[PDB]
Amino acid sequence: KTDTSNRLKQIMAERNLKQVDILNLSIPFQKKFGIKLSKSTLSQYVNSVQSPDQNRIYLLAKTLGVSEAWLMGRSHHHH
DNA sequence: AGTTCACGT
DNA sequence: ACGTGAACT
């Protein structure tokens, strides 16, 4: 339903990462930027229950090595 | 490991 | 409307 949900699922499929896998990779970035992230929050992202806010869109962009705009976009193409 | 929801913001 | 942990499967 949401763009973020489709962008996360795309990364999960391409890099064979589970939710817990992406969650663990964000941990060093969480302590660094002071932006916490629980597993229930990530779960709602993937399932279009809720969209990430300003701080967590940045957090996930750094973790997955993608741009904030791509993570918020409809586009399928990396850059 | 992943999901739902009352609650605080 | 957003994140979170309790409680859940």
Side-chain angles (χ1 to χ4, degrees):
Chain A
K1 294 288 295 115
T2 75
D3 292 322
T4 301
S5 175
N6 291 327
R7 297 290 75 78
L8 289 179
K9 285 180 176 181
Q10 183 192 340
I11 298 295
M12 296 173 61
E14 290 171 341
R15 308 177 186 180
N16 294 332
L17 301 174
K18 302 177 182 179
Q19 292 196 30
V20 63
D21 297 336
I22 299 183
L23 178 65
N24 283 320
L25 296 172
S26 67
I27 291 179
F29 293 100
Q30 291 193 33
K31 314 165 65 68
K32 181 187 190 183
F33 299 136
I35 308 174
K36 292 185 174 183
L37 176 62
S38 294
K39 68 178 185 178
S40 61
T41 312
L42 176 60
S43 181
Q44 294 173 155
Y45 291 170
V46 185
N47 295 118
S48 300
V49 184
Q50 197 160 287
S51 289
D53 53 9
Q54 205 165 29
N55 290 334
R56 266 144 282 267
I57 287 175
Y58 177 77
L59 162 73
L60 288 170
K62 292 296 156 177
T63 299
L64 301 176
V66 291
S67 88
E68 288 178 283
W70 183 87
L71 200 60
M72 297 181 297
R74 178 112 79 127
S75 183
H76 176 280
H77 302 274
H78 285 112
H79 190 288

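Residue numbering restarts at 1 for every chain, and letters A, B, ... go by the order of the sequence lines. When reading the values below, keep in mind they use all heavy atoms of this one structure, side chains included, and skip hydrogens, waters and symmetry mates.
Between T4(A) and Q50(A), every side-chain heavy-atom pair lies at or beyond the 4.5 Å cut-off. Side-chain contact between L37(A) and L60(A): present, with at least one pair of heavy atoms (C-beta onward) separated by less than 4.5 Å. Counting only heavy atoms from C-beta outward, the side chains of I11(A) and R7(A) never approach each other to under 4.5 Å. Looking only at side-chain heavy atoms (C-beta outward), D3(A) and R74(A) come within less than 4.5 Å of each other. The shortest side-chain heavy-atom distance between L64(A) and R15(A) falls under the 4.5 Å cut-off. The side-chain heavy atoms of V20(A) and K39(A), taken from C-beta on, include no pair separated by under 4.5 Å.
Residue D21(A) contributes atom CG, which lies 10 Å from atom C1' of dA1(B) at whole-angstrom precision. Across the protein-nucleic acid pair, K39(A) atom NZ and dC8(C) atom P stand 14 Å apart, rounded to whole Å. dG2(B) atom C1' lies 14 Å from atom CG of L37(A), rounded to whole Å. Atom CD1 of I35(A) is separated from atom P of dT4(C) by 11 Å (rounded to the nearest Å).
Of the residues in residues 40-68 of chain A, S40(A), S43(A), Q44(A), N47(A) come within less than 4.0 Å of DNA chain B through at least one heavy atom, sorted by number. Near DNA chain B, meaning a heavy atom under 4.0 Å from it, residues 23-33 of chain A has no residue at all.
Here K18(A) contributes atom NZ and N24(A) contributes atom CG; the two are 11.0 Å apart, rounded to the nearest 0.5 Å.
Side-chain atoms of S67(A) come within 3.5 Å of backbone N or O of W70(A) as a donor-acceptor pair.
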